[PDB]
Amino acid sequence: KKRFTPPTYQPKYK
Amino acid sequence: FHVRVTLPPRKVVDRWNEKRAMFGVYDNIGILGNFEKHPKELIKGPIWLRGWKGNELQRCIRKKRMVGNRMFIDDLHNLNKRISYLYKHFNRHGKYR
Amino acid sequence: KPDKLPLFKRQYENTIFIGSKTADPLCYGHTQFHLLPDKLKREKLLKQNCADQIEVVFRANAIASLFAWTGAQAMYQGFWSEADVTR
Amino acid sequence: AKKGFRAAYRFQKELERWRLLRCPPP
Amino acid sequence: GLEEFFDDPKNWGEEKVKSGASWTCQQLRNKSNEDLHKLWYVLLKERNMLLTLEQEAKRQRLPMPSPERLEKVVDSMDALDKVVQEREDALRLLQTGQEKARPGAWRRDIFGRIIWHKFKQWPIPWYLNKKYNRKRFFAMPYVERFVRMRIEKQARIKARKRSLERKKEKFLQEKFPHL
Amino acid sequence: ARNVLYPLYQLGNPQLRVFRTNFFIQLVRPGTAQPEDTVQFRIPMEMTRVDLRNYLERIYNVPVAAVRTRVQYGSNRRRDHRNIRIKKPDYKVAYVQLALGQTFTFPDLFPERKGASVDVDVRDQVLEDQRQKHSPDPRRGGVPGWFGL
Amino acid sequence: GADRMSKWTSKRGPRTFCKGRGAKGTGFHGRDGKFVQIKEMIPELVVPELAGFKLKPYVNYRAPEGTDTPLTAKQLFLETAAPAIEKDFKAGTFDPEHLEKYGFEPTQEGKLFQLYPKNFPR
Amino acid sequence: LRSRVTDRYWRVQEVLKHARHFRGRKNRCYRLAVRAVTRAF
Amino acid sequence: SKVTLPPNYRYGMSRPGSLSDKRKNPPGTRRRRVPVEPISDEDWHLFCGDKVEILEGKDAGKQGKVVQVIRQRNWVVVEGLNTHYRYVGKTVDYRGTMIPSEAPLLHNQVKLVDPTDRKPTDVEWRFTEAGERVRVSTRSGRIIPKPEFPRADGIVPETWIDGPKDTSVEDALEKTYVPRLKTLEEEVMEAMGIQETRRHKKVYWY
Amino acid sequence: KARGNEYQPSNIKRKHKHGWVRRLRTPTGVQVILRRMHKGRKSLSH
RNA sequence: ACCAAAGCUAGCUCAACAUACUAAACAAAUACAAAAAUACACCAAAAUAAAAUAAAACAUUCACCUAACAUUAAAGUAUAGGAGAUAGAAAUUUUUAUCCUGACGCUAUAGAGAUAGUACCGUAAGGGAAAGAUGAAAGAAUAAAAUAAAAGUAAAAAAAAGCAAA
RNA sequence: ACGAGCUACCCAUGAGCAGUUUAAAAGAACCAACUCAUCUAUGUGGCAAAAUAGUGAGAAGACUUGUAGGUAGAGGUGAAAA
RNA sequence: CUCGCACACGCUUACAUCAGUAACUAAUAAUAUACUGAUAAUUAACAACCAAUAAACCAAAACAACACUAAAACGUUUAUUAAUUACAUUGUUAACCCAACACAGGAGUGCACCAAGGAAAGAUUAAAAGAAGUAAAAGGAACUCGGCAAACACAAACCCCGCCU
Ligand SMILES: [K+]
Ligand SMILES: [K+]
Ligand SMILES: [K+]
Ligand SMILES: [K+]
Ligand SMILES: [K+]
Ligand SMILES: [Mg+2]
Ligand SMILES: [Mg+2]
Ligand SMILES: [Mg+2]
Ligand SMILES: [Mg+2]
Ligand SMILES: [Mg+2]
Ligand SMILES: [Mg+2]
Ligand SMILES: [Mg+2]
Ligand SMILES: [Mg+2]
Ligand SMILES: [Mg+2]
Ligand SMILES: [Mg+2]
Ligand SMILES: [Mg+2]
Ligand SMILES: [Mg+2]
Ligand SMILES: [Mg+2]
Ligand SMILES: [Mg+2]
Ligand SMILES: [Mg+2]
Ligand SMILES: [Mg+2]
Ligand SMILES: [Mg+2]
Ligand SMILES: [Mg+2]
Ligand SMILES: [Mg+2]
Ligand SMILES: [Mg+2]
Ligand SMILES: [Mg+2]
Ligand SMILES: [Mg+2]
Ligand SMILES: [Mg+2]
Ligand SMILES: [Mg+2]
Ligand SMILES: [Mg+2]
Ligand SMILES: [Mg+2]
Ligand SMILES: [Mg+2]
Ligand SMILES: [Mg+2]
Ligand SMILES: [Mg+2]
Ligand SMILES: [Mg+2]
Ligand SMILES: [Mg+2]
Ligand SMILES: [Mg+2]
Ligand SMILES: [Mg+2]
Ligand SMILES: [Mg+2]
Ligand SMILES: [Mg+2]
Ligand SMILES: [Mg+2]
Ligand SMILES: [Mg+2]
Ligand SMILES: [Mg+2]
Ligand SMILES: [Mg+2]
Ligand SMILES: [Mg+2]
Ligand SMILES: [Mg+2]
Ligand SMILES: [Mg+2]
Ligand SMILES: [Mg+2]
Ligand SMILES: [Mg+2]
Ligand SMILES: [Mg+2]
């Protein structure tokens with residue numbers, strides 16, 4: 001299938 | 001692993017306050033009182049644990065029976081989930097069986 | 001600044017008109033007749049506590065209206081900023 | 001703040017050792 | 001009469017300006033209703049001048065000369081408003097006996113709360129109003145569970161507060177054993 | 001008046017009268033160039049053109065001619081220490097023009113005093129002299145000068 | 001996205017959305033769309049004459065204060081209506097049926113400024 | 001009753017005192033020292 | 001104007017709305033809560049302006065006048081007795097005006113001084129037959145008057161000159177109220193001769 | 001063909017889909033308001 | 001020698017007692033696109049909870065799982081169950097009042113998520129944090145005291161050959 | 001429970017298509033704006049969670065496009081690519 | 001070297017004046033449309049808000065003369081009513097919006113292609129490899145899966161599968 005793991009974002013407060 | 005660098009103020013505990021001197025005074029009320037009050041009628045604490053003992057499952061079941069109708073909504077749900085998990089773990093899991 | 005008159009800036013087509021297109025042979029004017037609207041009546045000005053404004057409205061209408069008419073006549077004859085006006 | 005006194009006092013034995021090494025007594 | 005917004009020219013450059021005390025509540029009860037009406041505008045012209053000076057101080061980046069004058073005037077305004085209101089409600093009680101000057105009734109909104117619904121002025125009755133007849137004053141059965149949960153939340157907050165007071169009392173006694 | 005309930009108006013109702021106005025007016029110096037007849041006021045949000053015209057003509061007896069008003073928006077960008085926006089209040093600015101040719105110029109409310117300016121110069125001069133006296137002598141090489149010998 | 005935790009005012013929406021900032025209406029729309037401003041609905045400010053009036057926004061510091069006694073509906077009755085009622089009853093002219101002569105008013109709708117409806121703004 | 005280890009400073013000092021003369025990161029890091037100390041004995 | 005304070009706060013002989021306080025305590029910080037023994041308002045017998053005797057510190061047995069009291073932390077500040085020295089005028093190339101500063105003292109280190117014997121004595125509040133709350137000593141048994149102290153405004157009502165915008169005492173105390181049963185709206189309308197004929201229509205409230 | 005900008009702002013749509021009026025018109029919508037009031041939300045709805 | 005280290009309060013947890021249970025604030029505006037004084041209306045509604053699981057599969061069945069009025073016993077008994085898994089009563093019995101309530105519960109990676117449902121990420125339902133440390137006085141900042149102890153670097157780059165050590 | 005502000009389709013209400021060739025506004029022809037994305041090369045934690053450069057197909061229609069509304073998961077929608 | 005002015009939608013003071021930038025923001029420095037503090041501002045004629053009922057009326061917009069098929073948005077007049085009363089309320093800044101970014105992406109209409117708006121190179125040396133562009137002796141597909149790509153070429157014909165857009 002169309003395997004794809006979307007990226008995540010670091011929390012802005014850091 | 002850093003430990004504190006200053007000596008804490010030493011706790012001056014008095015062994016002869018009112019609580020410790022009178023601790024366990026009327027434990028023999030039944031023996032020396034014509035058997036009018038069992039020593040279990042001196043326990044102070046929860047309503048469902050005065051003079052009773054059990055494991056975690058029997059304690060949660062007992063709490064639901066006595067004070068179940070007086071508990072809050074959220075506390076009533078959490079108790080039900082605790083009963084179900086303990087029921088499944090004690091009977092359907094373990095080593096000796 | 002002119003904004004204190006008040007005047008408000010706007011953007012649309014820039015038109016120079018005389019009442020007819022350039023092909024019209026009648027390129028000059030004789031007279032104009034203007035009618036003040038309801039908002040500029042003498043009675044309205046008195047209620048707004050405006051005494052000297054009665055003559056201001058007449059003068060302001062004539063200066064702006066006649067200049068646009070006379071200016072349009074000159075530019076229909078080819079005269080403009082760099083050619084000035086001969087007659 | 002960990003409860004207890006043995007850890008707090010035992011380190012005072014170490015602090016004295018470091019001071020002697022840094023500033024030896026006459 | 002446009003100079004009333006500014007103080008007299010002799011006092012413009014003064015760094016400190018002295019003023020009397022504000023009107024107390026008791027002093028205004030001895031004045032007549034006609035007297036209070038005239039005193040309100042005397043205060044009104046004073047307050048406008050002080051506000052003008054305060055804003056001008058910020059523009060010039062300089063401190064306002066004796067800023068406590070504005071605090072005195074607004075206190076006088078509130079006292080004048082209070083005493084006239086003390087005459088209005090007292091006269092209303094004698095004539096009608098109603099505590100509040102705006103009609104209203106206790107209603108239960110859709111969220112289950114108890115809300116004091118103030119009334120509004122309309123030229124048509126309640127049943128002929130399109131907008132008013134769309135508002136709902138009653139609680140649906142599903143609101144009962146949510147109303148119960150709000151009681152539990154407030155009970156826990158109060159329970160935590162009461163236990164906090166007990167802990168402080170024990171803590172202070174140990175450090176202050178003067179008993 | 002503001003924060004009050006006006007009577008609903010129908011046909012034939014009596015005239016609406018307000019005896020103790022709740023409004024307050026600030027007279028401010030214009031930030032830009034303004035004509036000779038224009039006076040700029042800051043008014044509360046619940047004040048209209050007609051209210052301000054009656055406010056000046058009756059309370060202050062100022063013969064105004066035309067009143068124009070606008071609403072100003074305050075800055076809501078700067079953040080608090082806990083990263084919460086703090087919003088400055090929005091204020092309504094109204095410009096009026098006098099009718100009978102009366103001329104108004106905003107006065108200088110903080111004229112400095114020549115004596116006070118001279119006193120400030122003397123105070124500054126005294127401080128400068130005191131600093132010069134307190135300045136160490138370079139030839140002493142940092143040796144304290146309090147001791148005699 | 002958009003800020004859901006700010007004040008929703010007229011400046012944020014489209015040209016269609018024009019919400020007032022709190023002013024009180026002073027008219028309606030006429031035939032041609034020109035705003036017909038009703039004279040009655042305009043709040044007529046009433047001002048007294050302060051020229052012959054001697055009073056200042058500040059009070060002297062040496063002036064003593066007084067015991068703070070809030071006005072009571074009972075104290076007002078004993079001050080205004082009680083002397084008239086007391087004299088009439090001693091003279092035998094008291095009438096329990098009609099009390100209009102003492103300042104009591106049965107219905108408020110007759111007078112110009114009601115109390116329970118709170119007709120006057122201020 | 002939450003029980004926490006407080007003498008952990010002396011727990012790692014009994015190991016690092018035998019690894020003071022090593023080369024690299026084995027004389028500082030505890031995880032790399034124990035494997036080196038155990039092989040040393 | 002009243003300034004709101006955080007639920008936990010520390011007092012250091014500076015008013016909350018001062019630049020010195022903001023410099024000491026930024027709005028984004030909060031410190032440890034000091035233990036303060038609760039004293040009810042009816043048990044605080046130390047005021048400002050009465051002579052007191054210092055028991056503990058570098059100076060013992062000396063007497064002085066109380067100038068400031070910190071009710072929040074139970075502090076009494078004598079006038080220049082328990083003093084430490086600091087500098088005030090500070091700049092790049094000059095320092096000076098060495099001004100002594102007085103450190104705070106707790107209530108337990110300060111005992112009120114009776115006027116007659118000039119010795120420290122315990123004080124208890126007593127209710128006399130005159131209805132006034134007067135402090136009463138324990139040893140000598142003599143009452144101590146309240147320490148009348150000038151207010152923070154610095155203005156003495158005894159010596160005052162009325163300004164242009166000051167109301168005279170005679171007019172302030174002049175009574176003109178005639179208590180009739182007409183509201184302020186009715187009285188002013190008939191005073192100026194404002195006449196109104198028509199009446200409002202029926203308005204429905206809901 | 002370049003996703004990521006699925007949100008095209010519009011005040012007419014935002015106030016009609018997630019507005020306070022719509023939340024109070026459906027029985028399920030009112031429960032959404034009740035849940036957010038119980039949780040302590042600063043903004044119940046747009 | 002840098003980076004760092006240490007502190008004990010904020011408050012919380014579990015009960016008990018207990019009034020009897022949607023707090024605080026409501027001047028004005030709040031279900032027009034909420035917080036916008038003001039026009040001929042429509043208004044409203046209910047239908048058994050299901051399944052993940054257990055029976056080593058899974059179809060009948062699977063405690064608690066919305067509504068019990070409790071405790072000591074009768075009893076895990078009679079019965080109900082692809083009679084398998086497991087489910088499970090009653091008749092009949094026992095229970096003397098108020099005070100004695102506090103802590104072999106935690107101490108900032110713990111205890112509530114909380115300094116807070118706030119920042120912030122989502123169109124929306126929803127998810128949801130990290131963050132405090134001087135002293136009696138900082139109206140003692142030429143200010144003071146304390147460990148100088150984690151990894152990482154500096155003081156001080158390296159000299160044939162080897163699981164780095166013995 | 002919440003989602004059709006992207007996308008599939010539809011209902012409203014609007015707005016675009018210049019020149020050139022032909023009795024033609026003919027799902028004709030050449031070629032822009034505009035809309036799709038054929039081939040190759042860069043790019044591959046990149047400018048970009050699908051782009052840039054060159055080159056291409058349609059370009060008066062079964063065409064593009066703005067605003068706003070409707071259909072919701074045992075479903076919606078689909079000139080079937082599950 | 002050339003995507004420029006304005007409106008709608010959106011964002012919400014990020015705009016303006018003065019001062020400061022050791023550090024925070026700009027992926028660097030100068031510095032300030034973008035970071036900090038103080039003060040100030042968008043003024044209505046344009047735009048939003050801006051009557052009801054009954055009756056007469058089969059006859060398209062495309063320069064519309066008159067026609068085509070797919071049969072088409074776009075109202076006037078008569079009658080009965082409509083508070084009649086200067087000045088109502090609201091939007092007016094910007095270098096901006098949606099894409100985690102001060103992103104080579106996405107973005108409707110009117111009028112221009114400029115009179116307007118902007119800067120491809122921080123300073124050097126001129127190695128390999130890689131990307132983009134120009135030119136070439138003799139030969140002109142001998143390359144290669146294929147004439148892919150490139151070209152001073154920009155043509156002709158056959159077949160298979162679908163009729164065609
Ligand atoms: K088991
Ligand atoms: K929709
Ligand atoms: K890009
Ligand atoms: K913005
Ligand atoms: K081949
Ligand atoms: Mg305007
Ligand atoms: Mg958001
Ligand atoms: Mg708008
Ligand atoms: Mg706009
Ligand atoms: Mg008008
Ligand atoms: Mg997204
Ligand atoms: Mg779109
Ligand atoms: Mg199974
Ligand atoms: Mg298994
Ligand atoms: Mg089940
Ligand atoms: Mg059978
Ligand atoms: Mg925590
Ligand atoms: Mg911990
Ligand atoms: Mg280290
Ligand atoms: Mg070797
Ligand atoms: Mg759509
Ligand atoms: Mg064409
Ligand atoms: Mg074609
Ligand atoms: Mg391309
Ligand atoms: Mg290309
Ligand atoms: Mg090429
Ligand atoms: Mg083509
Ligand atoms: Mg073709
Ligand atoms: Mg839905
Ligand atoms: Mg389907
Ligand atoms: Mg399709
Ligand atoms: Mg197929
Ligand atoms: Mg398939
Ligand atoms: Mg943004
Ligand atoms: Mg830059
Ligand atoms: Mg500058
Ligand atoms: Mg700035
Ligand atoms: Mg970037
Ligand atoms: Mg460049
Ligand atoms: Mg370079
Ligand atoms: Mg090369
Ligand atoms: Mg070439
Ligand atoms: Mg060649
Ligand atoms: Mg070949
Ligand atoms: Mg070959
Ligand atoms: Mg091939
Ligand atoms: Mg090719
Ligand atoms: Mg073949
Ligand atoms: Mg085909
Ligand atoms: Mg064929």
# chains A, B, ... in the order shown; residues from 1 in each chain; ligands from 1
$ interface_residues --of "chain G" --to "chain F" --cutoff "7 Å" --atoms "only C-alpha atoms" --output "PyMOL selection string"
chain G and resi 21-23+40-47+119+121-122
$ write_last_selection --atoms "N, CA and C atoms" --output "PDB file, in the first residue's frame"
ATOM      1  N   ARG G  21     -21.189  49.354  18.249  1.00  0.00           N
ATOM      2  CA  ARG G  21     -20.283  49.242  19.382  1.00  0.00           C
ATOM      3  C   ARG G  21     -20.969  49.520  20.713  1.00  0.00           C
ATOM      4  N   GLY G  22     -22.280  49.743  20.708  1.00  0.00           N
ATOM      5  CA  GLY G  22     -23.034  49.947  21.931  1.00  0.00           C
ATOM      6  C   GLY G  22     -23.889  51.196  21.963  1.00  0.00           C
ATOM      7  N   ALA G  23     -23.946  51.984  20.893  1.00  0.00           N
ATOM      8  CA  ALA G  23     -24.752  53.194  20.902  1.00  0.00           C
ATOM      9  C   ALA G  23     -26.238  52.850  20.882  1.00  0.00           C
ATOM     10  N   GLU G  40     -37.696  62.938  19.289  1.00  0.00           N
ATOM     11  CA  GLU G  40     -37.977  62.520  20.659  1.00  0.00           C
ATOM     12  C   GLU G  40     -36.931  61.538  21.176  1.00  0.00           C
ATOM     13  N   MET G  41     -36.500  60.595  20.334  1.00  0.00           N
ATOM     14  CA  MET G  41     -35.583  59.554  20.785  1.00  0.00           C
ATOM     15  C   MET G  41     -34.197  60.092  21.122  1.00  0.00           C
ATOM     16  N   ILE G  42     -33.851  61.277  20.642  1.00  0.00           N
ATOM     17  CA  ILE G  42     -32.551  61.868  20.981  1.00  0.00           C
ATOM     18  C   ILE G  42     -32.555  62.267  22.453  1.00  0.00           C
ATOM     19  N   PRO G  43     -31.576  61.836  23.247  1.00  0.00           N
ATOM     20  CA  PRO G  43     -31.565  62.203  24.670  1.00  0.00           C
ATOM     21  C   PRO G  43     -31.290  63.682  24.879  1.00  0.00           C
ATOM     22  N   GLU G  44     -32.304  64.427  25.311  1.00  0.00           N
ATOM     23  CA  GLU G  44     -32.160  65.859  25.546  1.00  0.00           C
ATOM     24  C   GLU G  44     -31.508  66.078  26.904  1.00  0.00           C
ATOM     25  N   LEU G  45     -30.247  66.499  26.898  1.00  0.00           N
ATOM     26  CA  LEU G  45     -29.548  66.768  28.147  1.00  0.00           C
ATOM     27  C   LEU G  45     -30.130  68.009  28.809  1.00  0.00           C
ATOM     28  N   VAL G  46     -30.429  67.901  30.100  1.00  0.00           N
ATOM     29  CA  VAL G  46     -31.002  68.992  30.879  1.00  0.00           C
ATOM     30  C   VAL G  46     -29.931  69.495  31.834  1.00  0.00           C
ATOM     31  N   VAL G  47     -29.654  70.794  31.783  1.00  0.00           N
ATOM     32  CA  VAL G  47     -28.608  71.382  32.616  1.00  0.00           C
ATOM     33  C   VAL G  47     -29.179  72.545  33.420  1.00  0.00           C
ATOM     34  N   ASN G 119     -39.131  54.102  34.458  1.00  0.00           N
ATOM     35  CA  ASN G 119     -39.297  54.801  33.188  1.00  0.00           C
ATOM     36  C   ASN G 119     -38.094  55.685  32.877  1.00  0.00           C
ATOM     37  N   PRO G 121     -34.376  57.073  32.636  1.00  0.00           N
ATOM     38  CA  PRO G 121     -33.042  56.458  32.675  1.00  0.00           C
ATOM     39  C   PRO G 121     -32.238  56.868  33.900  1.00  0.00           C
ATOM     40  N   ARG G 122     -32.058  58.172  34.092  1.00  0.00           N
ATOM     41  CA  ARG G 122     -31.321  58.694  35.238  1.00  0.00           C
ATOM     42  C   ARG G 122     -31.928  60.007  35.717  1.00  0.00           C
TER      43      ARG G 122
END
$ residues_around --residues "region 107-121 of chain M" --least-positions-apart "6" --cutoff "9 Å" --atoms "only C-alpha atoms (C1' of nucleotides)" --output "PyMOL selection string"
(chain C and resi 12-13) or (chain L and resi 15+65-66) or (chain M and resi 1-2+4-9+97-98)
$ residues_around --residues "residue 54 (chain L)" --least-positions-apart "3" --cutoff "12 Å" --atoms "only C-alpha atoms (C1' of nucleotides)" --output "list in words"
residues 39, 40, 41 and 42 of chain L; 132, 149 and 150 of chain M
$ residues_near_ligand --ligand "ligand 12" --cutoff "12 Å" --atoms "only C-alpha atoms (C1' of nucleotides) and all ligand atoms" --output "NGL selection string"
(:J and (5-10 or 13)) or (:L and (4-7 or 65-68)) or (:M and (9 or 98 or 106-108))
$ select_by_dssp --residues "region 14-188 of chain I" --states "helix (DSSP H, G or I)" --output "compact mmCIF listing (two decimals) with N, CA, C and O atoms, in the first residue's frame"
# COMPACT_ATOMS: atom_id res chain seq x y z
N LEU I 19 8.24 51.23 42.15
CA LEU I 19 9.25 50.71 41.23
C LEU I 19 10.30 49.87 41.95
O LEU I 19 10.84 48.93 41.37
N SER I 20 10.59 50.20 43.21
CA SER I 20 11.52 49.38 43.99
C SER I 20 10.97 47.98 44.19
O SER I 20 11.71 46.99 44.11
N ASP I 21 9.67 47.87 44.47
CA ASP I 21 9.05 46.56 44.63
C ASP I 21 9.07 45.76 43.33
O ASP I 21 9.36 44.56 43.34
N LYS I 22 8.77 46.41 42.21
CA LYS I 22 8.82 45.73 40.92
C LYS I 22 10.23 45.28 40.59
O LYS I 22 10.44 44.19 40.03
N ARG I 23 11.23 46.12 40.90
CA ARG I 23 12.61 45.72 40.70
C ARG I 23 12.98 44.53 41.57
O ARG I 23 13.65 43.60 41.11
N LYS I 24 12.54 44.53 42.83
CA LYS I 24 12.80 43.41 43.72
C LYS I 24 12.02 42.17 43.29
O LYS I 24 12.58 41.08 43.14
N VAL I 169 -16.72 75.61 55.16
CA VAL I 169 -17.29 74.70 56.15
C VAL I 169 -18.77 75.01 56.37
O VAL I 169 -19.58 74.11 56.59
N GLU I 170 -19.13 76.29 56.31
CA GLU I 170 -20.52 76.68 56.51
C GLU I 170 -21.43 76.09 55.44
O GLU I 170 -22.51 75.57 55.75
N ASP I 171 -21.01 76.15 54.18
CA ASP I 171 -21.83 75.62 53.10
C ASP I 171 -21.85 74.10 53.10
O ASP I 171 -22.86 73.49 52.72
N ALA I 172 -20.74 73.46 53.50
CA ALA I 172 -20.70 72.01 53.54
C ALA I 172 -21.69 71.45 54.56
O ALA I 172 -22.36 70.45 54.30
N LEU I 173 -21.80 72.10 55.72
CA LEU I 173 -22.71 71.66 56.77
C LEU I 173 -24.09 72.29 56.66
O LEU I 173 -24.97 71.95 57.46
N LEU I 184 -35.80 62.89 42.56
CA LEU I 184 -34.97 63.96 42.01
C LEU I 184 -35.45 64.36 40.62
O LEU I 184 -35.32 65.53 40.24
N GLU I 185 -36.00 63.42 39.86
CA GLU I 185 -36.53 63.74 38.54
C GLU I 185 -37.69 64.72 38.64
O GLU I 185 -37.77 65.68 37.86
N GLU I 186 -38.60 64.50 39.59
CA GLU I 186 -39.78 65.36 39.71
C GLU I 186 -39.42 66.75 40.21
O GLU I 186 -39.96 67.75 39.73
N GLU I 187 -38.51 66.84 41.19
CA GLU I 187 -38.20 68.13 41.80
C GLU I 187 -37.55 69.08 40.81
O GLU I 187 -37.91 70.26 40.75
N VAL I 188 -36.58 68.59 40.03
CA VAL I 188 -35.87 69.46 39.10
C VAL I 188 -36.80 69.91 37.98
O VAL I 188 -36.71 71.05 37.51
$ residues_near_ligand --ligand "ligand 13" --cutoff "9 Å" --atoms "only C-alpha atoms (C1' of nucleotides) and all ligand atoms" --output "PyMOL selection string"
chain K and resi 53-58
$ residues_near_ligand --ligand "ligand 34" --cutoff "10 Å" --atoms "only C-alpha atoms (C1' of nucleotides) and all ligand atoms" --output "list in words"
residues 1, 2 and 3 of chain G; 11, 12, 14, 96, 97 and 98 of chain M
$ write_last_selection --atoms "N, CA and C atoms (P, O5', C5', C4', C3', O3' and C1' of nucleotides)" --output "PDB file, in the first residue's frame"
ATOM      1  N   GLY G   1      -4.895  28.888  11.711  1.00  0.00           N
ATOM      2  CA  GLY G   1      -6.313  29.178  11.598  1.00  0.00           C
ATOM      3  C   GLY G   1      -6.665  30.584  12.043  1.00  0.00           C
ATOM      4  N   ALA G   2      -7.799  30.729  12.719  1.00  0.00           N
ATOM      5  CA  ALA G   2      -8.270  32.016  13.210  1.00  0.00           C
ATOM      6  C   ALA G   2      -8.275  32.007  14.731  1.00  0.00           C
ATOM      7  N   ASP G   3      -8.342  33.201  15.315  1.00  0.00           N
ATOM      8  CA  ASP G   3      -8.323  33.354  16.765  1.00  0.00           C
ATOM      9  C   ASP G   3      -9.756  33.304  17.282  1.00  0.00           C
TER      10      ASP G   3
ATOM     11  P     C M  11      -9.737  36.286   9.386  1.00  0.00           P
ATOM     12  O5'   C M  11      -8.252  36.823   9.587  1.00  0.00           O
ATOM     13  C5'   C M  11      -7.151  35.927   9.628  1.00  0.00           C
ATOM     14  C4'   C M  11      -5.838  36.667   9.581  1.00  0.00           C
ATOM     15  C3'   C M  11      -5.576  37.634  10.725  1.00  0.00           C
ATOM     16  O3'   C M  11      -5.088  36.993  11.892  1.00  0.00           O
ATOM     17  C1'   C M  11      -5.102  38.701   8.675  1.00  0.00           C
ATOM     18  P     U M  12      -5.683  37.373  13.336  1.00  0.00           P
ATOM     19  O5'   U M  12      -5.337  38.917  13.507  1.00  0.00           O
ATOM     20  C5'   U M  12      -3.986  39.361  13.563  1.00  0.00           C
ATOM     21  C4'   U M  12      -3.891  40.866  13.609  1.00  0.00           C
ATOM     22  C3'   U M  12      -4.321  41.508  14.926  1.00  0.00           C
ATOM     23  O3'   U M  12      -3.550  42.686  15.142  1.00  0.00           O
ATOM     24  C1'   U M  12      -5.682  42.318  13.181  1.00  0.00           C
ATOM     25  P     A M  14       2.137  47.328  16.946  1.00  0.00           P
ATOM     26  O5'   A M  14       2.889  46.337  15.951  1.00  0.00           O
ATOM     27  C5'   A M  14       3.126  46.702  14.599  1.00  0.00           C
ATOM     28  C4'   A M  14       3.571  45.518  13.776  1.00  0.00           C
ATOM     29  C3'   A M  14       3.746  45.767  12.286  1.00  0.00           C
ATOM     30  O3'   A M  14       5.010  46.327  11.970  1.00  0.00           O
ATOM     31  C1'   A M  14       2.544  43.745  12.646  1.00  0.00           C
ATOM     32  P     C M  96       3.901  41.735   2.836  1.00  0.00           P
ATOM     33  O5'   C M  96       2.673  41.597   3.841  1.00  0.00           O
ATOM     34  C5'   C M  96       2.884  41.290   5.214  1.00  0.00           C
ATOM     35  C4'   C M  96       1.583  41.059   5.945  1.00  0.00           C
ATOM     36  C3'   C M  96       0.765  39.865   5.459  1.00  0.00           C
ATOM     37  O3'   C M  96       0.071  39.290   6.564  1.00  0.00           O
ATOM     38  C1'   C M  96      -0.499  41.844   5.200  1.00  0.00           C
ATOM     39  P     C M  97       0.236  37.727   6.896  1.00  0.00           P
ATOM     40  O5'   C M  97      -1.056  37.062   6.249  1.00  0.00           O
ATOM     41  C5'   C M  97      -2.347  37.316   6.783  1.00  0.00           C
ATOM     42  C4'   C M  97      -3.422  36.656   5.958  1.00  0.00           C
ATOM     43  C3'   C M  97      -3.301  35.148   5.799  1.00  0.00           C
ATOM     44  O3'   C M  97      -3.823  34.438   6.908  1.00  0.00           O
ATOM     45  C1'   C M  97      -3.689  36.133   3.688  1.00  0.00           C
ATOM     46  P     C M  98      -2.965  33.268   7.599  1.00  0.00           P
ATOM     47  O5'   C M  98      -3.236  31.999   6.680  1.00  0.00           O
ATOM     48  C5'   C M  98      -4.541  31.452   6.567  1.00  0.00           C
ATOM     49  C4'   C M  98      -4.609  30.415   5.477  1.00  0.00           C
ATOM     50  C3'   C M  98      -3.612  29.274   5.584  1.00  0.00           C
ATOM     51  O3'   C M  98      -4.012  28.265   6.494  1.00  0.00           O
ATOM     52  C1'   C M  98      -3.593  30.118   3.385  1.00  0.00           C
TER      53        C M  98
END
$ residues_near_ligand --ligand "ligand 28" --cutoff "9 Å" --atoms "only C-alpha atoms (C1' of nucleotides) and all ligand atoms" --output "list in words"
residues 29, 57 and 58 of chain L; 165 of chain M
$ write_last_selection --atoms "C-alpha atoms (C1' of nucleotides)" --output "PDB file, in the first residue's frame"
ATOM      1  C1'   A L  29      -8.465  24.884 -36.996  1.00  0.00           C
ATOM      2  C1'   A L  57      -2.523  18.839 -24.444  1.00  0.00           C
ATOM      3  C1'   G L  58      -7.135  21.803 -24.415  1.00  0.00           C
TER       4        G L  58
ATOM      5  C1'   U M 165     -13.942  16.302 -28.206  1.00  0.00           C
TER       6        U M 165
END
